[PDB]
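First to last, the sequence lines map onto chains E and H.
So the first sequence is residues 13 to 255, 262 to 315, 325 to 837, counted in UniProt numbering.
So the second sequence is residues 13 to 255, 262 to 315, 325 to 837, counted in UniProt numbering.
Backbone N, C-alpha and C define an ideal beta-carbon position, used for all residues, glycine too.
Report on the following structure.
There are 2 protein chains.
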Amino acid sequence: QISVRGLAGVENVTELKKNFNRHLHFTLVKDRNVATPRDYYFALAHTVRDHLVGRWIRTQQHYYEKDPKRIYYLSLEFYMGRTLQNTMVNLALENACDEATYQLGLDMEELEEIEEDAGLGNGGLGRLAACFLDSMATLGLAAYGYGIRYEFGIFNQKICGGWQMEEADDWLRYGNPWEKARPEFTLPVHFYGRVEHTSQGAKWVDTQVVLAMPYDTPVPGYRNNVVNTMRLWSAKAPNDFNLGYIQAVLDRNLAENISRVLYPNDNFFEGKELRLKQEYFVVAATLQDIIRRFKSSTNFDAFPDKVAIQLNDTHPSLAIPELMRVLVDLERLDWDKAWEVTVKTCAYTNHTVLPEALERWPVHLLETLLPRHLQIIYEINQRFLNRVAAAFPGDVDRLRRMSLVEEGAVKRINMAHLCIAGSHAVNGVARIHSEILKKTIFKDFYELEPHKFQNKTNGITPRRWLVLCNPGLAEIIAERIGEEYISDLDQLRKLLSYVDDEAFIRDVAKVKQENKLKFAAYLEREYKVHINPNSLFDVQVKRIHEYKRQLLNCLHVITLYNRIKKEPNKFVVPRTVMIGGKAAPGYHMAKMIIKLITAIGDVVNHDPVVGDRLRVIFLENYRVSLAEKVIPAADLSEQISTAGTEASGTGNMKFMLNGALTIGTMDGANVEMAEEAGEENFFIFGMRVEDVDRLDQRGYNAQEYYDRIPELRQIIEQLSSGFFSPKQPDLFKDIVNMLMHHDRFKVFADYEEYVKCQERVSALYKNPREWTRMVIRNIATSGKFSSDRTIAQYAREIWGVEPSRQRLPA
Amino acid sequence: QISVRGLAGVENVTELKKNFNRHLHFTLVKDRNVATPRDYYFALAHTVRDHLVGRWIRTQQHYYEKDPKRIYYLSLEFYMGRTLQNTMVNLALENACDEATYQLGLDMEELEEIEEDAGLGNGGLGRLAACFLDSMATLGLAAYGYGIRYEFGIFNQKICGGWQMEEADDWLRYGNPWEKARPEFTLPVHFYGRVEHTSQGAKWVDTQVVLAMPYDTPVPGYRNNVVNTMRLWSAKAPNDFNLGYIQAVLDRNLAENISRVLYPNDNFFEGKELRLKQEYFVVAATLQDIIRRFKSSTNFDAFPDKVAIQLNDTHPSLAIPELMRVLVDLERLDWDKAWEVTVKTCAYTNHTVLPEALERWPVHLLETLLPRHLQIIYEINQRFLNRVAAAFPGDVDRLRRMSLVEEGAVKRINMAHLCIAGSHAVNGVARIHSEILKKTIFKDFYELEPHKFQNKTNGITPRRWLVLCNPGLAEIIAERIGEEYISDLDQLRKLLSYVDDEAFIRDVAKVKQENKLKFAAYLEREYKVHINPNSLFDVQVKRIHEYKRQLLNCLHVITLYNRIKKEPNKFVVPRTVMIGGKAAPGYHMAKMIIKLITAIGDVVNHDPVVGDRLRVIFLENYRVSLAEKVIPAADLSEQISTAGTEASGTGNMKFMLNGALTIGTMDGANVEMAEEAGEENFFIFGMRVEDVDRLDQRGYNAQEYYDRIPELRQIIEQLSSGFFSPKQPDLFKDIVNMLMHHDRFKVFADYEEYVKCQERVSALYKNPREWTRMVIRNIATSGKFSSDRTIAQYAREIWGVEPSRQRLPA
Ligand SMILES: OC[C@H]1O[C@@H](c2nnc(-c3ccc4c(c3)Cc3ccccc3-4)[nH]2)[C@H](O)[C@@H](O)[C@@H]1O
Ligand SMILES: OC[C@H]1O[C@@H](c2nnc(-c3ccc4c(c3)Cc3ccccc3-4)[nH]2)[C@H](O)[C@@H](O)[C@@H]1O
Ligand SMILES: *Cc1c(COP(=O)(O)O)cnc(C)c1O
Ligand SMILES: *Cc1c(COP(=O)(O)O)cnc(C)c1O
């Protein structure tokens with residue numbers, strides 16, 4: 013049908029049909045009389061997987077023979093989403109499978125919808141890990157992702173009575189055809205116990221053992237025949253575990275609970291023992307696998332020449348003291364040599380400055396669970412502080428601020444300080460964030476070791492986030508500039524030559540229109556909701572958090588409602604305002620925000636005076652597969668965090684690639700996006716970081732804004748008095764109280780500029796030709812935000828390896 | 013190589029090789045460079061499984077079109093053992109796979125040893141269920157086995173310091189290539205709740221739900237292209253289960275524990291709640307599946332024409348009140364009609380008369396767990412007793428003895444009484460056992476409903492228990508009488524014509540000798556134990572229980588030792604005495620018996636005066652795959668239970684088929700075996716049932732035997748004084764105490780006859796030609812003990828269906 017989806021050759025189609033029927037009969041044990049759509053999905057998935065196998069085996073043999081430096085990306089989250097379509101895209105099989113299935117009487121798009129998301133992450137951090145794997149494979153790097161195979165991923169969100177309810181995400185119920193269990197590379201992981209000091213060093217004894225069993229998933233590069241591996245560990249009890263009899267077998271559950279469920283926090287730390295066990299489990303199993311692979315090529328001088336370990340935040344920070352433990356206690360290296368190897372091997376990426384998100388583990392927990400690691404941490408700390416004291420003699424307060432050990436009520440280990448001390452490179456995730464790290468929270472570290480600190484601005488994969496989710500747009504671009512841009516996104520700059528081309532303008536606007544119709548139809552089918560597809564699609568999708576300021580969007584929505592009610596017969600640009608995202612289960616204020624959004628919808632959507640001029644829709648169960656549907660359909664991307672809080676953002680980038688304009692603050696990567704497109708082509712508003720600092724010095728007084736802005740005061744009075752909750756008039760009083768007295772994120776301070784800037788959006792939308800020209804200028808300058816660019820920078824500036832676009836043979 | 017293993021045609025071998033390599037690459041994702049023997053095993057298993065699929069699909073379609081009466085065999089145990097070799101035997105693929113693997117550089121016998129037993133049973137009852145499935149398929153019956161997929165089967169036994177230690181049998185760790193998950197036929201099962209009585213009947217409300225997910229395993233018939241199904245249910249929590263958040267997900271374990279582990283008792287009942295949940299789980303899920311299949315062909328008049336349910340002991344007895352519940356509460360049949368359907372549909376097999384093995388559930392447990400089932404049971408009881416009272420007016424004591432409800436301290440439901448009341452047929456498992464049921468424990472029931480009571484003597488499958496485990500014997504038989512006997516075992520009578528044929532005598536004795544050499548070598552390899560393969564192999568393998576009298580065998584062994592020590596220079600026929608079997612983990616006396624056996628070995632095996640004249644070996648981890656090795660190698664089969672206690676036995680039959688002579692009491696099926704072979708060809712000794720009764724009336728006084736038999740007294744003094752436990756002299760005093768004061772099984776009363784009869788065994792073994800002639804007379808008359816005979820009788824006399832030897836097309 014369309015060119016970027018590849019060739020449907022007669023031979024290839026005939027073979028795909030034959031293999032589909034083979035898997036239906038032999039693998040699934042069904043005939044066509046009794047097969048359901050789910051059986052058809054599995055038959056297709058097995059058929060496509062068969063095409064990965066030879067390449068997977070060949071890629072791994074190639075790494076064994078060439079022995080390149082290997083890159084190990086360690087993360088507690090990999091937010092993969094669905095695999096079927098992505099695999100077909102990367103192997104150039106999409107049109108062939110469409111034709112084969114069409115010839116068998118089946119619709120491939122309906123089969124794709126059956127697959128479960130692999131939801132092994134919370135949001136941006138986990139999704140970044142997934143983009144990165146895709147880019148590493150596309151760039152020919154010998155890379156492995158290592159994590160945990162959670163039995164239950166991020167919860168499924170249902171909305172009941174306008175409230176979030178959580179359901180378990182039993183993603184493995186029907187089987188996962190993409191993974192291969194590897195019970196033969198099972199490894200032991202130790203917990204608890206005590207330390208004995210012999211004449212021949214320290215020994216960690218009397219430990220409890222849990223087994224780590226690996227499951228491997230293929231990660232195909234884009235049309236280069238490289239298939240890398242994601243290795244996820246699952247927890248198993250040993251067979252002599254607890255070994262009256264029946265209870266001992268049932269208690270195997272205690273050990274296997276380590277890999278049971280993903281902690282559903284985003285930007286929020288809690289010191290729970292189970293989470294610490296998860297973190298050590300992944301590190302201990304991973305490092306053993308790494309060492310085994312290194313020895314099969325005790326000269327550890329060469330270890331950093333053959334191995335890089337990238338820490339995705341502090342969540343796998345125990346890799347530092349575990350590497351030391353192995354080298355000192357088991358391999359018998361002297362401390363100083365071990366430390367040299369460790370620092371040269373490890374690098375740390377920081378993803379947040381919010382203080383409540385930073386991991387600070389109580390010492391008593393580490394003492395019980397990981398007594399040897401605590402000894403090693405103290406020794407790292409004493410040696411590190413000895414260096415600080417030599418460089419800044421007499422600066423006793425600096426010694427307290429830089430310590431890995433925080434004093435107090437409960438002594439804690441600051442894991443971020445541990446990661447900086449033990450890594451040769453430390454990076455933030457957007458230019459403004461990296462600068463903030465050097466000026467504020469890690470200023471002391473930067474002064475001691477300035478060479479360590481870098482920036483690596485985030486990116487997204489253009490395979491999933493353009494070709495897969497928006498083939499119509501990919502196609503109209505390819506018609507003009509060819510297909511090379513899919514793996515070299517900077518080539519999108521060539522589209523600036525088409526900003527005045529009437530045909531290109533028309534085709535861009537047509538693609539958006541088709542995507543909006545398709546999305547409006549999806550909403551009627553699966554959720555019984557009617558929307559005007561000629562309205563401006565105003566979209567804010569991301570996790571629910573005070574810092575992301577869904578509440579600021581709420582206040583705009585109410586403003587627009589109130590203005591319609593005041594002058595009902597005046598024209599206004601119609602909007603469909605869509606907000607979606609999950610709240611962490613124990614985060615009360617986030618749950619109240621969801622309820623506010625649905626309550627505003629209840630009033631607005633049923634007011635006959637409003638008509639179809641304004642609709643407010645809460646999009647339930649926001650996840651990767653839903654992002655692939657709504658992002659292509661958006662007109663306006665809402666990126667409105669308080670300046671200084673969103674370390675990067677990556678949703679922002681996905682919207683820019685797919686032909687939405689952005690309204691946003693100068694925060695995170697929004698800064699760089701505006702720089703690349705031109706500020707004239709972005710809707711920028713609100714306090715800059717320096718303005719937030721100035722208000723903090725004077726003291727933020729929300730009352731002042733209430734007193735001076737009548738439109739704002741009317742909204743607060745409506746919230747307080749029960750206008751949006753007529754049966755429970757005090758329902759929203761905690762939201763009102765927070766906004767008026769303890770708002771850390773200064774929602775009222777950006778309200779006036781936000782409303783004014785939204786009026787400019789509406790004005791431009793009235794002129795479709797000019798809106799579309801601005802869109803072209805955004806898509807054309809989105810190339811910097813390819814994760815291929817990001818990964819090339821990590822490779823050259825941190826890992827010491829050279830990317831390659833060279834194909835392996837098929 | 014050998015004829016009964018089938019043809020190795022060039023085409024077939026070429027195809028098997030190609031498919032093996034295909035599964036190695038695509039299914040296992042390995043190349044030959046990195047493949048282990050376990051990978052080779054899986055590649056073969058997938059290759060053989062592919063040959064089952066078409067036949068499986070075709071068989072199930074055939075049943076759908078013909079709509080025969082369906083037979084549902086309900087069991088809490090299916091002791092399947094390994095599947096690979098059995099599948100090849102039943103599809104005639106054994107020589108072809110041997111040749112294919114040989115051509116690939118692999119030894120198929122080494123690959124077979126990798127497979128785990130499916131150990132989903134305790135011993136004889138579970139193994140009988142497995143034999144039965146094999147026979148039902150071979151006889152063309154539309155039969156389904158239904159049970160539970162335990163995550164952990166019967167424990168692995170290790171012997172440490174001579175004591176039994178238990179390890180979890182994590183049989184699924186590497187995957188089970190034989191099963192197919194069917195998550196689409198998942199069904200709900202209800203627990204707890206309460207009953208409401210409306211105007212429109214009783215309603216069972218406020219229940220907790222557990223899901224039952226089925227896994228299907230193929231059961232191939234012998235060369236008839238029929239493949240039936242074994243459907244095993246696995247427990248899953250619903251997704252809203254308990255739905262702070264993290265704990266709710268971890269607590270899904272509570273529901274999933276239902277299918278976690280097999281209770282490891284043999285002939286011993288304990289009233290644990292988890293076991294009751296297992297029993298209801300299997301019944302509730304099964305009956306829904308049965309009803310669904312019946313409706314897809325509300326006229327329940329025809330239900331017993333299309334359905335038979337066979338209850339394997341009382342373990343699935345809740346099927347009776349559950350069928351009633353469905354018909355009355357959900358389908359709205361009147362009680363009397365429902366009851367007619369139930370009784371005509373259900374039939375009950377009893378497997379034991381020991382009072383401690385009979386299920387008697389406390390009422391308070393049923394009241395909490397299954398309140399509606401308890402109401403239905405009481406109503407069954409009241410109606411049943413109304414009939415008793417009409418037939419035997421004034422016989423108030425009969426009403427108390429026959430009640431389903433036992434009065435007392437704790438009121439209990441007698442499940443056996445429930446099964447008799449609600450079934451149209453009740454059978455025992457050997458002629459003597461069936462007679463005992465009519466004269467003793469169910470006498471009252473027999474007087475009320477004599478037509479219900481039948482016998483169905485047990486049997487074993489000759490596919491597993493001759494062709495598979497002893498191909499050399501199968502072959503020498505086939506050379507004389509052809510191959511038809513494999514599915515018509517009565518044809519073994521033709522071998523009586525060869526009792527004087529010198530060539531046949533030689534070949535029979537040669538096969539035994541080869542099997543003994545192979546077994547002696549297995550023992551040196553895997554267990555570092557040396558044995559004389561010219562010695563008489565004296566074997567007692569079965570679960571450890573007082574009633575089975577492993578202790579009587581111990582006393583003989585000590586007697587032989589003591590006689591050697593007394594006259595060291597006299598000739599005695601050398602023996603290797605092998606005892607094996609598992610003890611239930613909480614059965615203290617069974618555990619002490621194992622320790623006694625190993626302690627006797629410690630002394631005997633290291634006494635230089637004994638030499639290789641006597642060796643005592645405890646065979647560790649006795650299970651189906653070990654039975655297949657040791658049974659072909661045995662000379663003497665020890666079947667020495669106290670008369671009246673072993674309902675049938677089935678090990679006895681396996682030994683008779685494989686060319687061992689039997690020493691045994693007139694108990695269980697030993698009676699019928701002696702009748703078929705002739706008493707002159709069996710080593711019968713000891714009290715008959717009537718003799719045991721006479722001693723019970725007078726009172727058993729063990730002291731009398733101690734006082735009169737000097738050889739017995741010497742042994743008791745050696746046990747008491749520490750001769751076999753020099754470091755812990757009192758170690759065995761509980762065994763001594765039991766034998767002297769509270770032996771329910773009268774070990775001393777059969778001692779003198781047992782020793783005398785053992786001397787006759789030794790005398791015959793000295794004359795190999797006459798020993799072998801007697802063996803021929805046993806093998807030749809073993810045909811009655813085919814489970815094909817047993818199943819044909821169930822089919823005609825209970826189920827109302829006609830077996831068929833007709834082949835389906837391939
Ligand atoms: O660079 C990728 C993205 O990382 C996000 C992030 N920054 N920190 C986290 C974070 C995620 C999960 C969890 C924590 C922090 C703490 C925690 C504790 C327990 C379980 C999960 C989590 N996520 C940033 O907010 C976002 O601006 C950035 O684009
Ligand atoms: O007909 C097949 C065989 O059934 C055996 C049996 N008779 N009762 C049981 C039995 C097995 C398991 C369990 C129970 C009884 C009670 C129990 C409770 C809990 C768990 C398992 C078990 N087993 C008989 O002892 C044997 O003579 C016969 O050949
Ligand atoms: C990209 C993405 C995110 C991150 O969005 P932000 O707006 O950067 O927070 C979160 N969740 C999903 C499912 C995503 O695809
Ligand atoms: C046949 C068999 C049994 C039953 O043996 P009995 O001597 O009848 O108790 C028990 N366990 C295994 C493994 C068997 O194969």
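Every residue with a CB closer than 5 Å to a heavy atom of ligand 4 is listed here in chain order: H/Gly135, H/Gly136, H/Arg139, H/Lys569, H/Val651, H/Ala654, H/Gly676, H/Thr677 and H/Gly678. Under the three-state reduction of DSSP, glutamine 409 of chain E is assigned to helix. Residues are counted here when their Cβ sits less than 7 Å from a Cβ of chain E; for the segment 33 to 47 of chain H these are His37, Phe38, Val41 and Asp43, given in chain order.
Exclusion of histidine 572 of chain H from the 6 Å shell around ligand 2 follows from its C-beta lying no nearer than that to any non-hydrogen atom of the ligand. With a cut-off of 6 Å, the C-beta of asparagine 339 of chain E is classified as distant from ligand 1, since no heavy atom of the ligand falls inside that distance. Taking non-hydrogen atoms of ligand 1 into account, the C-beta of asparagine 283 of chain E is found less than 6 Å away from one of them. Within chain E, the C-beta atoms nearer than 7 Å to that of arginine 185 of chain H come from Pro195, in chain order.
Rounded to whole angstroms, the gap between the alpha carbons of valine 432 of chain E and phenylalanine 286 of chain E is 20 Å.
Below the 8 Å Cβ cutoff, chain H contributes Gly262 and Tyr263 as neighbours of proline 612 of chain E, in chain order. Annotation: the continuous alpha helix (DSSP H) that includes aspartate 815 of chain E extends over 814 to 821. Less than 7 Å divides the Cβ of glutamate 89 of chain H from the Cβ of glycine 138 of chain H. Taking non-hydrogen atoms of ligand 2 into account, the C-beta of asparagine 240 of chain H is found less than 6 Å away from none of them.
The DSSP-derived three-state label of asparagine 339 of chain H is strand.
Contact annotation: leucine 118 of chain H and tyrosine 53 of chain H have beta-carbon atoms that are not nearer than 7 Å.
Under the DSSP definition of a beta bridge, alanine 687 of chain H lacks any partner. Across the set H/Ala57, H/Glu106 and H/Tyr76, the C-alpha of H/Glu106 shows the shortest separation from the C-alpha of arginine 490 of chain H. Nearest to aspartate 565 of chain E by alpha-carbon distance, out of E/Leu519, E/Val538, E/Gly93 and E/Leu688, is E/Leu688.
Cα atoms of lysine 592 of chain E and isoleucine 627 of chain E: separation of roughly 14 Å, rounded to the nearest angstrom.
When E/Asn283, E/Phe253 and E/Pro282 are compared, the shortest CA-CA separation from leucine 272 of chain E is found for E/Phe253. Residue contact check for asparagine 188 of chain H against chain E: no CB pair falls below 7 Å.
In this structure, ligand 1 has a non-hydrogen atom nearer than 6 Å to the beta-carbon of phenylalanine 287 of chain E. Relative to ligand 1, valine 456 of chain E has its C-beta within less than 6 Å of a heavy atom. With contacts defined as CB atoms closer than 7 Å, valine 390 of chain E and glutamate 349 of chain E fail to qualify as a contacting pair. Within the chosen limit of 6 Å, ligand 1 does not reach the beta carbon of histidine 209 of chain E with any heavy atom. Residue contact check for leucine 268 of chain E against chain H: a CB pair falls below 7 Å. Listed by position along chain H, the residues whose Cβ is nearer than 7 Å to that of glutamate 179 of chain E are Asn251, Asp252 and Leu255. For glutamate 111 of chain E, the CB contacts under 7 Å within the same chain, skipping 5 residues up- and downstream, are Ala20 and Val25 in chain order.
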